[PDB]
Amino acid sequence: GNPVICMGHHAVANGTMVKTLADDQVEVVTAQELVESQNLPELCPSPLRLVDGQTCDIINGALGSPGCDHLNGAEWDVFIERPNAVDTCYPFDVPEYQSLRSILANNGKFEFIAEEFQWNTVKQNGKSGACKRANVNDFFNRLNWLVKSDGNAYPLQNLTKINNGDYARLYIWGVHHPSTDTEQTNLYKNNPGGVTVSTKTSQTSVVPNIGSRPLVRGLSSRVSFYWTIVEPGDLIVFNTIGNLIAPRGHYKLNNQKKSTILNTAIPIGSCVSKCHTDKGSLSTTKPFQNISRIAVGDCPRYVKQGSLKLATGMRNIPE
Amino acid sequence: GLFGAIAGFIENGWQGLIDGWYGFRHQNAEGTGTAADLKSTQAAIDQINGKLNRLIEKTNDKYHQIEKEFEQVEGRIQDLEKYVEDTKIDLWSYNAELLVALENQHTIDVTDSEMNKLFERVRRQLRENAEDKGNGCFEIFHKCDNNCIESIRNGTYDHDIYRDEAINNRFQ
Ligand SMILES: CC(=O)N[C@H]1[C@H]([C@H](O)[C@H](O)CO)O[C@@](O)(C(=O)O)C[C@@H]1O
Ligand SMILES: *[C@@H]1O[C@H](CO)[C@@H](O)[C@H](O)[C@H]1NC(C)=O
Ligand SMILES: *[C@@H]1O[C@H](CO)[C@@H](O)[C@H](O)[C@H]1NC(C)=O
């Protein structure tokens, strides 16, 4: 009476250390890494629609700066904005810059609808030499520079467009800021000037500012840009005894806004991936990633740890 | 683990068992063998792959969020934005840390448990014909050729065939 039957389990020569509640160094037979710490050196253009702003940041794209014509009609899931974007036009500032940038990015498209504003005795299509679109003085192709009559007459101008459409419109407009009182009335009637854009809900009013502003631009003055949203059943009124960088129309707003913007210098490639960081796309099934807190799409969750190993086997006790 | 089989009364694992997680190793008059147990192996694998599937495919489908990198400081609004993201990152970091720790503690317990269930299964088949040696091995108190060993492994072993021989040997 001496046969023997033994019950046992497998083992390998060298397993993987994992953590538990009690022990931070337990060797198990197999394990799976749950933190993705590798990224592709490029951005995948599928299956998410990426639009490469190239030389235009998204604000200049919407204004219609020279070199931003490729962005016309563009629709995007993610607008890819380059860190070395270049100002190519008449120097400006946007009072609520980040908020306008957010609205354009989230809206997801550049669908401009032209309409014409019967301006009075005043000239239109004023251009400049700091905004030289190919070989010639030009301006923001979405904006229209008004300047004195041939008889030094700029009458109070009140025009109105009515939104009977089935969507909300985005009007982007500007206000000119001259350096001198002579520059002030050399291209415009008064001092001071002023613009007042009203809806039936709101009123926005600006009076220009006149003074020694710093120079590169080659110039001394600026434009300050504003926007107004006109809901279906609302109106927009432009009044101006001077200085209005008037609009050439309105951008279409999607009712549902589900797009966004990513700022990075990473080249767009040929791979497939629904997850993009500013360091490049991720191609992974892992639940977590330590690559960047800036992540867009269908992504792992960003965590601080560089590695979290999940045990997929029993404890490893070799020999 | 909770049951004390793996890294317990089983002193170590078997490198030579390469087609199963658990198995049998015997010795009788005509030799020795090592064979895998499929049911136990399969039970452990199913439970671990289960954890994996529940994990892999979260859903974190996010598009327009907030700014997270800044050139210069602006004060109040920027501080809130930074504080919000920093709070999120710590809470998710904590979640991942706890999750893996819980899952691994449980995985180790499950595998230790499946080992023990195998051992207990074989103990019950043997009834009064064998004695626990204490290292995961049974001393069988009757002649047990290869068909007999196999009958133990595939669960068809009938203890009544050998009980007379076995009771004799154990107690006399
Ligand atoms: C008259 C006009 O509307 N445009 C002219 C501007 C404006 O007078 C200034 O930009 C206002 O400060 O000046 C230019 O030298 C320029 O910038 O290229 C020439 C241009 O034709
Ligand atoms: C101009 O203003 C008057 C009174 O303020 C208003 O009744 C009229 O509709 C306006 N016209 C346009 C074209 O905006
Ligand atoms: C992510 O973790 C890896 C190790 O897995 C490490 O080399 C890398 O530096 C980490 N990245 C960051 C941004 O901390």
Side-chain angles (χ1 to χ4, degrees), chain A residues 59 62-64 89-90 92-96 99-100 103-104 111-128 131 138-210 221-253:
Chain A
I59 293 285
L63 288 167
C89 200
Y90 201 38
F92 60 89
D93 58 275
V94 186
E96 298 297 290
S99 290
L100 179 64
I103 288 163
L104 302 175
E111 187 181 333
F112 203 63
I113 304 299
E115 50 192 334
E116 154 50 17
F117 302 85
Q118 183 62 260
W119 302 119
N120 224 9
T121 69
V122 208
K123 180 56 181 167
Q124 283 180 40
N125 315 283
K127 311 175 184 29
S128 175
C131 192
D138 199 21
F139 207 48
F140 306 102
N141 64 35
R142 309 295 192 191
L143 286 319
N144 175 24
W145 199 350
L146 315 184
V147 289
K148 304 213 245 299
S149 67
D150 284 14
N152 292 340
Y154 177 18
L156 183 272
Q157 243 287 2
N158 84 315
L159 252 82
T160 306
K161 301 303 291 187
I162 300 175
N163 195 336
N164 270 304
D166 56 336
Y167 69 98
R169 307 174 189 180
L170 171 66
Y171 292 95
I172 305 187
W173 44 279
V175 160
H176 193 217
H177 298 321
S179 38
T180 87
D181 317 284
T182 282
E183 185 188 8
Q184 154 248 314
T185 170
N186 187 278
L187 331 185
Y188 298 134
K189 182 173 171 284
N190 307 86
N191 192 336
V195 181
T196 45
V197 179
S198 323
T199 46
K200 45 168 215 227
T201 58
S202 65
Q203 278 84 17
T204 306
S205 293
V206 197
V207 318
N209 296 4
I210 305 172
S221 33
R222 311 189 177 189
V223 175
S224 286
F225 282 117
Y226 301 82
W227 70 93
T228 308
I229 291 144
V230 184
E231 305 284 336
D234 199 343
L235 302 80
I236 178 164
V237 171
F238 298 80
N239 285 24
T240 157
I241 56 94
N243 295 256
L244 175 63
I245 309 297
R248 299 191 180 275
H250 66 261
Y251 279 110
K252 283 227 183 183
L253 287 184

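Here is how names work: the chains are called A, B, and so on, in the same order as the sequence lines, proteins then strands, and each is numbered from 1.
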(request) For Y171(A) and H250(A), run side chain to side chain contact (heavy atoms under 4.5 Å, CB included): C-alpha distance rounded to whole Å, both residues' side-chain angles, the deciding distance at 0.1 Å, then the answer. (result) CA-CA 5 Å; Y171(A) 292 95; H250(A) 66 261; 3.7 Å; yes
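- Residues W145(A) and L187(A) meet the side-chain proximity criterion, which asks for heavy atoms closer than 4.5 Å.
- The shortest side-chain heavy-atom distance between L159(A) and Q118(A) falls under the 4.5 Å cut-off.
- Across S179(A) and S221(A), no two heavy atoms sit closer than the pair N-CB, 4.4 Å.
- Once rounded to the nearest 0.5 Å, the distance linking CG of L104(A) with OG of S99(A) reads 11.0 Å.
- When atom types are taken as modelled, the side chain of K148(A) and the backbone of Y154(A) share no donor-acceptor pair closer than 3.5 angstrom.
- Residues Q157(A) and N120(A) have side chains that never bring a donor and an acceptor to within less than 3.5 angstrom of each other.
- Atom CZ of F225(A) is separated from atom CH2 of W173(A) by 11.0 Å, given to the nearest 0.5 angstrom.
- Within the model, atoms CG of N239(A) and CG of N158(A) stand 5.0 Å from one another, a figure rounded to the nearest 0.5 Å.
- Minimum interatomic distance between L146(A) and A246(A) (heavy atoms only, all atoms of both residues): CD1-CB, 4.3 Å.
- In this structure, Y226(A) contributes its side chain and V197(A) its backbone to no donor-acceptor pair below 3.5 Å.
- Using a 4.5 Å heavy-atom threshold, the side chains of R248(A) and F140(A) count as separate.
- Atom NZ of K252(A) sits about 5.0 Å away from atom CD1 of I113(A), to the nearest 0.5 Å.
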(message) Pair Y188(A), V147(A) - check side chain to side chain contact (heavy atoms under 4.5 Å, CB included), show working.
(response) CA-CA 6 Å; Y188(A) 298 134; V147(A) 289; 4.2 Å; yes
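- Closest approach of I172(A) to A62(A), counting heavy atoms only: CD1-CB, 4.4 Å.
- Nearest heavy-atom pair, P178(A) versus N243(A), reported as atom, atom and distance to 0.1 Å: CD-OD1, 3.9 Å.
- In this structure, the separation between CZ on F139(A) and NZ on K127(A) is 10.0 Å, given to the nearest 0.5 Å.
- Under the 3.5 Å distance criterion, the side-chain polar atoms of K189(A) are left unmatched by any main-chain donor or acceptor of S149(A).
- In this structure, the side chain of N144(A) engages the main chain of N125(A) through a donor-acceptor pair within 3.5 Å.
- The shortest distance between side-chain heavy atoms of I210(A) and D181(A) falls below 4.5 Å.
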(message) Is there a side chain to side chain contact (heavy atoms under 4.5 Å, CB included) between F92(A) and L63(A)? Walk through the geometry before answering.
(response) CA-CA 11 Å; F92(A) 60 89; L63(A) 288 167; 3.7 Å; yes
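- Side-chain atoms of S224(A) and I245(A), non-hydrogen and from C-beta on, never get closer than 4.5 Å to each other.
- A donor-acceptor pair under 3.5 Å links the side-chain atoms of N163(A) to the main chain of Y167(A), judged by distance alone.
- For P192(A) against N190(A), the heavy-atom pair with the smallest separation is O-CB, 3.5 Å.
- Separating the CG atom in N164(A) from the CG atom in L235(A) is a distance of 8.5 Å, to the nearest 0.5 Å.
- When every heavy atom of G174(A) is checked against every heavy atom of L244(A), the shortest pair comes out as O-CD1, 3.2 Å.
- Donor-acceptor pairing under 3.5 Å is lacking for the side chains of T180(A) and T182(A).
- Using modelled atom types, no side-chain atom of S128(A) and backbone atom of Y90(A) make a donor-acceptor pair closer than 3.5 Å.
- Other residues, nucleotides and ligands place no more than 12 heavy atoms under 6.0 Å from the CD atom of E96(A).
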(request) Show your working on side chain to side chain contact (heavy atoms under 4.5 Å, CB included) between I229(A) and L253(A) and close with a plain yes or no. (result) CA-CA 9 Å; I229(A) 291 144; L253(A) 287 184; 4.0 Å; yes
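- Within 6.0 Å of atom CG in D93(A), more than 12 heavy atoms from other residues, nucleotides or ligands are found, so the atom counts as buried in its surroundings.
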